[PDB]
Amino acid sequence: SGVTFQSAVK
Amino acid sequence: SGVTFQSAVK
Amino acid sequence: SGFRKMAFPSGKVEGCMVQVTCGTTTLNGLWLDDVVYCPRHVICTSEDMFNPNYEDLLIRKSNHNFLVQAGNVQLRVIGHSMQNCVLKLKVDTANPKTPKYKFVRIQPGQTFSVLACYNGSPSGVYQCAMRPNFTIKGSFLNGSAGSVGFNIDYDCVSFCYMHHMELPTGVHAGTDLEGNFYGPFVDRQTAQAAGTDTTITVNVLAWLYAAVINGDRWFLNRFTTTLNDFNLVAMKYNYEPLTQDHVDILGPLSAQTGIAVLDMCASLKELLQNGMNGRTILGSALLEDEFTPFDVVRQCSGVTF
Amino acid sequence: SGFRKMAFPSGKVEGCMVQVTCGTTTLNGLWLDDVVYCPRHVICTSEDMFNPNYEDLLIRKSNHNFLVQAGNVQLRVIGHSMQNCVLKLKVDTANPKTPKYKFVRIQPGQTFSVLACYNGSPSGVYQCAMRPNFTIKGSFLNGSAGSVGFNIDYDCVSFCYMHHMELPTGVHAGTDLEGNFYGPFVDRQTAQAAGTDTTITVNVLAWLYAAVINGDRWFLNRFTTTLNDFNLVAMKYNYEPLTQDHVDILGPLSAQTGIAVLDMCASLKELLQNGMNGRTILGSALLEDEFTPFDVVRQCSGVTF
């Protein structure tokens, strides 16, 4: 349902 | 009908 | 002979890719001269995403809050600013591999190569098009934000896309390299959805010319059509209107093959109305629309860089 | 999300590409350390092509008969030899951009990236597979001989193809980097024709797993099949036999998706027998066979180089 920002967790 | 060698003419 | 989805050689861009980390958030950046460009959502914690105020989040950061790694070298950030949706991190070192480059904002229907990257390291290269609805059908996982799209002309790299995010349908949204999104999208966690997409008519026609150049004529016919009448069929099958400008752009390919643009349009109309009857064109059973007229000339004539 | 035909980043290979000219014949070479590798048919005049004796044509040449250009620098050839169907020109300068590399001879069904080149200058990158009949469906014009195919693992470039020639059907034939042709082909102007080709079954299955990973399940069913029974349907539709080794290779993808290999085979059997009924898989209306199991893991999990 939502946009995903495609950074990553360090 | 024949194979083509794919060098080029200088 | 042959016709492939062909990307530009990625080497000039590989040498520009870096890793940018802020807090617990990491993504890729683009290092040109002494500046690193990256998506501004790097400064965001996941908690900040429903309605970020980036001016606020950025005033709260210092230069030392940004870790930039080029391979196995830390680059020191000596300054930072926001331009639209991109961050510009000024660094103490110019990139010695900076190619000749420009930033361009492309029109829908234009294609470009994507250098998909993770942790500043290039992973793969593919081709795609900016869709009429200003999404791209990319291949991107978490970590890929900051990967760039580009075209190369002689030795000049024209950057045209920076990747930001993935929409719920699995297609992709991003900005030009000056940070303006393509389409209506915003870098917020919110309900956002692509407008309905359409097929890029002028590209389909170019690819039919590519097929003729490569020896495939089965879909041709003896009819012609008028522009107005073709555009009537285009709209019924969810195809973009074809303009006189498109006709003109297809001029060189019409000239090489001896098939008038409007005659190719009659072929396309028949293909739209009748399908393919179990036949393929250049190895596809669908009408392909991610080759521009320029892409076809580039690959069927053999231009280098 | 998304799934694209994805090539390796070409930069490590771009830095190796040179121009090789002998007489009025020019093509590309591969510069690694102080050696330039290229097709031996560079030493051939068109008049020499129906039945060349290369040992004869080569004994008649001197080092100065070979012009090697790396960008805008002439490299001096200080020695030469023949290994199978490739020439090795020893040059006075080692290539300072030589990557870590190996030469590998691949099996049919394996994929690789091609850096298509003209006049020593890279023009484009695409992916392809070595077909079961040992041709490749490339995109090559006159001048492209000497372009190479490769895979990259970490920072090690594994070269596996050097392009030589185009067969009458428009598909392509070449050697490993030690000069042995793939398939029954010879570097002579003669009647030569590819054996009948087959579809790479294990790759089709991998791509169906890629589709499941990306959220597409419409083609699944509740049946299982035996290996023997599946292979009966494979042979009727011109598909390669699937072996227990293929099953084992598909192990990781079966594990990630929870679909047993033999269950995926029942899906494929249904697709073969019934078609697609106007549906697509990962944007294709044909069953795609130029992704290996490794390609799928590489792209759906995000490995870099």
# chains A, B, ... in the order shown; residues from 1 in each chain; ligands from 1
>>> closest_atom_pairs(of="chain C", to="chain A", cutoff="10 Å", atoms="only C-alpha atoms", output="JSON lines")
{"residue": "C:20", "atom": "CA", "partner": "A:7", "partner_atom": "CA", "distance": 9.9}
{"residue": "C:21", "atom": "CA", "partner": "A:10", "partner_atom": "CA", "distance": 7.7}
{"residue": "C:22", "atom": "CA", "partner": "A:10", "partner_atom": "CA", "distance": 9.1}
{"residue": "C:23", "atom": "CA", "partner": "A:10", "partner_atom": "CA", "distance": 8.1}
{"residue": "C:24", "atom": "CA", "partner": "A:10", "partner_atom": "CA", "distance": 5.1}
{"residue": "C:25", "atom": "CA", "partner": "A:9", "partner_atom": "CA", "distance": 4.9}
{"residue": "C:26", "atom": "CA", "partner": "A:8", "partner_atom": "CA", "distance": 5.3}
{"residue": "C:27", "atom": "CA", "partner": "A:7", "partner_atom": "CA", "distance": 4.9}
{"residue": "C:28", "atom": "CA", "partner": "A:7", "partner_atom": "CA", "distance": 8.1}
{"residue": "C:39", "atom": "CA", "partner": "A:7", "partner_atom": "CA", "distance": 8.9}
{"residue": "C:41", "atom": "CA", "partner": "A:5", "partner_atom": "CA", "distance": 7.7}
{"residue": "C:42", "atom": "CA", "partner": "A:7", "partner_atom": "CA", "distance": 6.9}
{"residue": "C:44", "atom": "CA", "partner": "A:7", "partner_atom": "CA", "distance": 9.7}
{"residue": "C:45", "atom": "CA", "partner": "A:9", "partner_atom": "CA", "distance": 9.6}
{"residue": "C:46", "atom": "CA", "partner": "A:5", "partner_atom": "CA", "distance": 9.2}
{"residue": "C:49", "atom": "CA", "partner": "A:5", "partner_atom": "CA", "distance": 8.9}
{"residue": "C:50", "atom": "CA", "partner": "A:2", "partner_atom": "CA", "distance": 9.9}
{"residue": "C:118", "atom": "CA", "partner": "A:8", "partner_atom": "CA", "distance": 9.0}
{"residue": "C:119", "atom": "CA", "partner": "A:8", "partner_atom": "CA", "distance": 8.9}
{"residue": "C:140", "atom": "CA", "partner": "A:6", "partner_atom": "CA", "distance": 7.9}
{"residue": "C:141", "atom": "CA", "partner": "A:6", "partner_atom": "CA", "distance": 6.6}
{"residue": "C:142", "atom": "CA", "partner": "A:6", "partner_atom": "CA", "distance": 4.4}
{"residue": "C:143", "atom": "CA", "partner": "A:8", "partner_atom": "CA", "distance": 4.4}
{"residue": "C:144", "atom": "CA", "partner": "A:6", "partner_atom": "CA", "distance": 5.9}
{"residue": "C:145", "atom": "CA", "partner": "A:6", "partner_atom": "CA", "distance": 5.0}
{"residue": "C:146", "atom": "CA", "partner": "A:7", "partner_atom": "CA", "distance": 8.2}
{"residue": "C:163", "atom": "CA", "partner": "A:6", "partner_atom": "CA", "distance": 8.3}
{"residue": "C:164", "atom": "CA", "partner": "A:5", "partner_atom": "CA", "distance": 6.1}
{"residue": "C:165", "atom": "CA", "partner": "A:5", "partner_atom": "CA", "distance": 4.3}
{"residue": "C:166", "atom": "CA", "partner": "A:4", "partner_atom": "CA", "distance": 5.1}
{"residue": "C:167", "atom": "CA", "partner": "A:3", "partner_atom": "CA", "distance": 4.7}
{"residue": "C:168", "atom": "CA", "partner": "A:1", "partner_atom": "CA", "distance": 5.6}
{"residue": "C:169", "atom": "CA", "partner": "A:1", "partner_atom": "CA", "distance": 8.8}
{"residue": "C:170", "atom": "CA", "partner": "A:3", "partner_atom": "CA", "distance": 9.4}
{"residue": "C:172", "atom": "CA", "partner": "A:3", "partner_atom": "CA", "distance": 9.5}
{"residue": "C:173", "atom": "CA", "partner": "A:3", "partner_atom": "CA", "distance": 9.4}
{"residue": "C:185", "atom": "CA", "partner": "A:3", "partner_atom": "CA", "distance": 9.8}
{"residue": "C:186", "atom": "CA", "partner": "A:3", "partner_atom": "CA", "distance": 9.7}
{"residue": "C:187", "atom": "CA", "partner": "A:5", "partner_atom": "CA", "distance": 7.8}
{"residue": "C:188", "atom": "CA", "partner": "A:3", "partner_atom": "CA", "distance": 7.9}
{"residue": "C:189", "atom": "CA", "partner": "A:3", "partner_atom": "CA", "distance": 5.8}
{"residue": "C:190", "atom": "CA", "partner": "A:2", "partner_atom": "CA", "distance": 6.2}
{"residue": "C:191", "atom": "CA", "partner": "A:2", "partner_atom": "CA", "distance": 5.6}
{"residue": "C:192", "atom": "CA", "partner": "A:3", "partner_atom": "CA", "distance": 6.9}
{"residue": "C:193", "atom": "CA", "partner": "A:3", "partner_atom": "CA", "distance": 8.6}
>>> interface_residues(of="chain C", to="chain D", cutoff="8 Å", atoms="only C-alpha atoms", output="PyMOL selection string")
chain C and resi 1-12+14+115+117-118+121-126+137-141+166+170-171+284-286+299-305
>>> residues_around(residues="residue 129 in chain D", least_positions_apart="5", cutoff="9 Å", atoms="only C-alpha atoms", output="list in words")
residues 108, 109, 110, 111, 112, 113, 135, 136, 137, 138, 289, 290, 291 and 292 of chain D
>>> calpha_fit_and_write(fixed="chain B", moving="chain A", output="CSV table (one decimal) with C-alpha atoms, in the first residue's frame")
chain,number,residue,atom,x,y,z
A,1,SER,CA,24.4,-19.0,-47.7
A,2,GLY,CA,27.9,-18.4,-46.2
A,3,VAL,CA,29.5,-17.6,-42.9
A,4,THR,CA,30.5,-13.9,-42.5
A,5,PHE,CA,33.8,-13.2,-40.7
A,6,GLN,CA,33.0,-10.0,-38.8
A,7,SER,CA,36.3,-8.1,-39.1
A,8,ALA,CA,36.0,-4.9,-41.1
A,9,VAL,CA,37.9,-3.3,-44.0
A,10,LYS,CA,40.2,-0.6,-42.8
>>> closest_residue(among="D:270, D:48, D:178, D:240", to="residue 218 in chain D", atoms="only C-alpha atoms")
D:270
>>> atom_distance(atom1="CA of residue 288 in chain D", atom2="CA of residue 195 in chain C")
28.8 Å
>>> residues_around(residues="residue 36 in chain D", least_positions_apart="6", cutoff="8 Å", atoms="only C-alpha atoms", output="PyMOL selection string")
chain D and resi 29-30+87-91
>>> residues_around(residues="residue 253 in chain D", least_positions_apart="2", cutoff="8 Å", atoms="only C-alpha atoms", output="list in words")
residues 206, 209, 250, 251, 255, 256, 257, 293 and 297 of chain D
